[PDB]
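Below you will find one chain, with nothing else, as C-alpha cells; this is the form solved without this ligand, and questions on how it binds or moves follow later.
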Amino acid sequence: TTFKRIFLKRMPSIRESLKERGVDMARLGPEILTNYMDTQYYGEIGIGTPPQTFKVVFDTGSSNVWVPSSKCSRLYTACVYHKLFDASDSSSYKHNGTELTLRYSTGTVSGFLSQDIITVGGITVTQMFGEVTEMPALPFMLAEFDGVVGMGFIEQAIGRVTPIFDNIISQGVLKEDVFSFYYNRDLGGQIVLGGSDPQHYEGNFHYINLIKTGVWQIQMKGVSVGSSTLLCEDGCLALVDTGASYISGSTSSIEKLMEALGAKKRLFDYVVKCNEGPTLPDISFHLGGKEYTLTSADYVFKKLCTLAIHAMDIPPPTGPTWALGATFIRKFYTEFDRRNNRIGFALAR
C-alpha cells in the first residue's frame, strides 16, 4: 500500500558553511544538549490551519517540538532570520503561554507554549509546541533549518509535554506504532511513519530492547576493531540519535579507538592520511544478537582526510554512553519500535 513518508533534504551544516566561508574553527568558543552543529538533513512540517510550513530536523535525542515565533522582538533576538509562526493566521491555534526554557551549551533558547494542528508526513497531529522568542546567535543564525521536532519520550520533554509521536499513537490511526529512518549514500533521506520501506533495506530486522524507560538507548556488548574486542568489554550504552551526524563515545574510550586505528589527533577532529585511509580496519558494534560492522569507506571521507567519529562525554543522567548517529543509520536502516519499546536494524540499500 501507499506509505506515510517524510522526505529528508540535504542542507549545509552550520560547520560546513563556516568552512566554505573560511573560518578558523579553533578560535570559536568551546561550543540539555545537542548542538546540531554537524546536522545536514531536514524535513518540512506544517503548523496550523492554513499550514505554515517550516524546515525542521527530526531528532530522536529530544522530545520537544519548537519553531520560531512571530513574536520575536525584531532584530534583538536573532530568530527573526527564519520562518516565523504567526498565530493570527491559524484558526486551529489555541493559547497556552506557559514559559519554556530549553538550555543549550552555546546559549539558552526561550519562548512560550502553543497548541495547533501539525501537518507531518501526510497527516494531522494536534500538538503542543514551543514558540521561541529568544535564540542563541552562534549556531542558529547560520542554520538552514527553522526548528526541531522531537522523536523522543515524554520523560525527556521539557514541561512534560507529549511528544508528536505519542500524540500520533494515541490520536488517530497509524498501522503500527513505529517509525524508521533511512539515509542515501550521498535531497537523499526518508522517514516512514508506521512502517519500514522494504525498498530501502534487505535481509531481516534484528531487535534490542531499550534498557530504560524513556530514551532511545540500548545495551552494547562490545566494540570490535579488526577481529578483537577493544573497549566496552563489560557492557556500555548506545544512544541512537537521528539528530547526531557521527558516532561518538566517551573521551576515555575514543582515545583508545583512534590509537589502534593509528589516526593522529587534530585538536578539532581525528584525521588520517588519504593514502592510508582505505587500509584502515573494520569497526564492528556488538548490539543484541548481531555484529554491526562499518568498513573504512563507511566512516572515512594529500594528507587531509577526516573521519566520521568524535568524542562526547555525555552527562550522567543519560549516563556515559555512545551515540549511533546518522553515519551508522546510513549503512544500517533503523526502526524505532515504540509499541514494543525496542530498536531494530537491517542492512540499507
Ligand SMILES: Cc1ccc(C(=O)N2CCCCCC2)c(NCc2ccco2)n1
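Start at 1 and count along the sequence shown; that's the residue number. For clarity, a rigid core is taken as the largest C-alpha set superposing within 1.5 Å between two forms.
There is another form of this protein, the form deposited with this ligand bound, and it is not shown here; the text below is about that form.
Undergrad: If I take 3+ ligand atoms inside 2.4 Å of backbone or C-beta atoms as the clash criterion, is the pocket here open or blocked once this ligand is superimposed from its pose in the bound PDB entry?
TA: Pocket blocked on this form.
Undergrad: Please identify, from 199-207, 223-231, 99-107, 275-283, the stretch that has a heavy atom within 4.5 Å of this ligand in the bound PDB entry.
TA: Contact-bearing stretch, as computed: 99-107.
Undergrad: Of these, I117, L142, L261, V192, which has a heavy atom no more than 4.5 Å from this ligand in the bound PDB entry?
TA: Selected option: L142.
Undergrad: Give a yes or no on whether every one of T39, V57 and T242 sits within 4.5 angstroms of this ligand in the bound PDB entry by heavy atom.
TA: Checked in the bound PDB entry: all three residues contact this ligand.
Undergrad: Check whether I168 has any heavy atom within 4.5 Å of a heavy atom of this ligand in the bound PDB entry, and answer yes or no.
TA: The answer is no: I168 has no heavy atom within 4.5 Å of this ligand.
Undergrad: Would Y183 count as touching this ligand in the bound PDB entry under a 4.5 Å heavy atom rule?
TA: Yes, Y183 is a contact residue.
Undergrad: Answer yes if any heavy atom of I164 is within 4.5 Å of a heavy atom of this ligand in the bound PDB entry; otherwise answer no.
TA: Looking in the bound PDB entry, residue contacts with this ligand do not include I164, since no heavy atom lies within 4.5 Å.
Undergrad: So, in the bound PDB entry, is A238 in contact with this ligand at a 4.5 angstroms heavy atom limit?
TA: No, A238 is distant from the partner.
Undergrad: Upon rigid core superposition, which of the listed residues (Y104, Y270, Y201, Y246) is displaced by 2 angstroms or more at its Cα between the shown form and the other one?
TA: With the rigid core superposed, the residue that stands out is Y104.
Undergrad: With both forms fit on the core, has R160 moved 2 Å or more by CA between the shown form and the other one?
TA: No, the C-alpha moves less than 2 Å.
Undergrad: Superpose the two forms on their rigid core, then report whether the C-alpha of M37 is displaced by 2 angstroms or more between the shown form and the other one.
TA: Yes, shifts by 2 Å or more.
Undergrad: Core-aligned, does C79 move its Cα 2 Å or more between the shown form and the other one?
TA: After core superposition, the displacement of the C79 C-alpha between the shown form and the other one reaches the 2 Å mark, so yes.
Undergrad: Given a CA distance change of at least 3 Å, are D38 and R330 closer or farther in the bound PDB entry?
TA: Closer: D38 and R330 approach by 3 Å or more in the bound PDB entry.
Undergrad: So the C-alpha spacing of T321 and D38 changes by 3 Å or more in the bound PDB entry; is that change toward closer or farther than shown?
TA: So the answer is farther.
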